[PDB]
């Protein structure tokens, strides 16, 4: 292992600072001072730190307090060298956001949320973040008649397009990244998956600077393939940031260390981020952000062990995924299964629909029964990836 700043491992303040309250209990750890957080994180080899406005600045802090806090915070950044690549707003903890921020049924709460957001964009630019994340965790319902579903999407669009237009208007060098989540804390959250989020951005006025911020555990809560989803975001060139962690199944969001959930899936996620696509195409070159929570049963030694482990797991997987693809036997297996064959167009240069239709060999004269005999050998190909993952090859 041994992570270093050019690896671009970013961590949020709320991850290592998460104190332990869950639905059945109180915190098991004391609050983490943000200056300690920065120093500690930098010592471990992180590249940057991210935060939610209220992570650093209390909801009711006065203007004198906000500047006191920011002064010590900027100093620590300075002393250590951590950058601040992404900033986000808390539109979910305070009781006022019980029906949402942007999609609250109450008009006065929608304006308050939007004004909280606009102000936070200002702080984002001041910090030097390139990405502004929006997780609409309270946007949704428990009951189907609680909302007008068309109006909920018009109100979501108005807040995002207002925020986007503000970025363009002030000339900030910022992008917005929406973060899909299927449920928890709402029964049903709006824009529940990568596809929903991707679809939605296409209906925006300011779509051009809006992308996604997918989270491993969030797609796994719907039973989806995390690599399939990021592949699709990447293919559309909407993968602006990423949140890595672990999830063992369809249940509450667990927020384990990356690699402590679906291990084989993390392997392939790493292969896609590092190696890209077999035939060439898009690559994700942003930060590798870890959005997790250290288990409540463990003390602060566990908090820093857990932070260390996110980075270890990613470097271990990266190493095995480079060896995997570099292997002559894998490449050969790949060729046999048709991975490079999928890269060739179906139609010949210049062939029209008409042409293919009327080409006897592709249809009328085709031997479907002979084509059906092919051994794709996907089982052997899968076996080679696991032996590579197991450190056996």
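Numbering follows the first chain given and starts at 1.
S.K.: Pick between 221-229 and 113-121: the one whose mean CA B-factor in the entry is higher.
M.R.: Per the PDB entry, the higher value belongs to 113-121.
S.K.: Please compare 126-134 with 195-203 and name the stretch with the higher mean C-alpha B-factor in the deposited structure.
M.R.: Averaged over C-alpha atoms, the B-factors run higher in 126-134.
S.K.: Which of these, 260, 168, 296, 155, has its C-alpha atom at the highest B-factor, as the entry lists it?
M.R.: Of the candidates given, the C-alpha B-factor peaks at 168.
S.K.: Take the CA temperature factors straight from the PDB entry and tell me which of 267, 172, 97, 102 peaks.
M.R.: Most elevated C-alpha B-factor of the set, per the entry: 172.
S.K.: Based on the deposited C-alpha B factors for this chain, I'd like to know if residue 349 is in the lowest, middle or highest third.
M.R.: According to the entry, residue 349 has a C-alpha B-factor in the chain's highest third.
S.K.: When the modelled residues of the chain are sorted by Cα temperature factor, does residue 309 land in the lowest, middle or highest third?
M.R.: For residue 309, the deposited C-alpha B-factor lands in the middle third.
S.K.: Among the modelled residues of its chain, does the C-alpha B-factor of residue 342 lie in the lowest, middle or highest third?
M.R.: Its C-alpha B-factor, which the entry lists for residue 342, ranks in the middle third among residues of this chain.
S.K.: How does the C-alpha B factor of residue 323 compare with the rest of the chain: lowest, middle or highest third?
M.R.: Within its chain, residue 323 is a highest-third residue by C-alpha B-factor, going by the deposited values.
S.K.: Tell me, lowest, middle or highest third: where does the Cα B factor of residue 26 rank within its chain?
M.R.: Bottom third by C-alpha B-factor.
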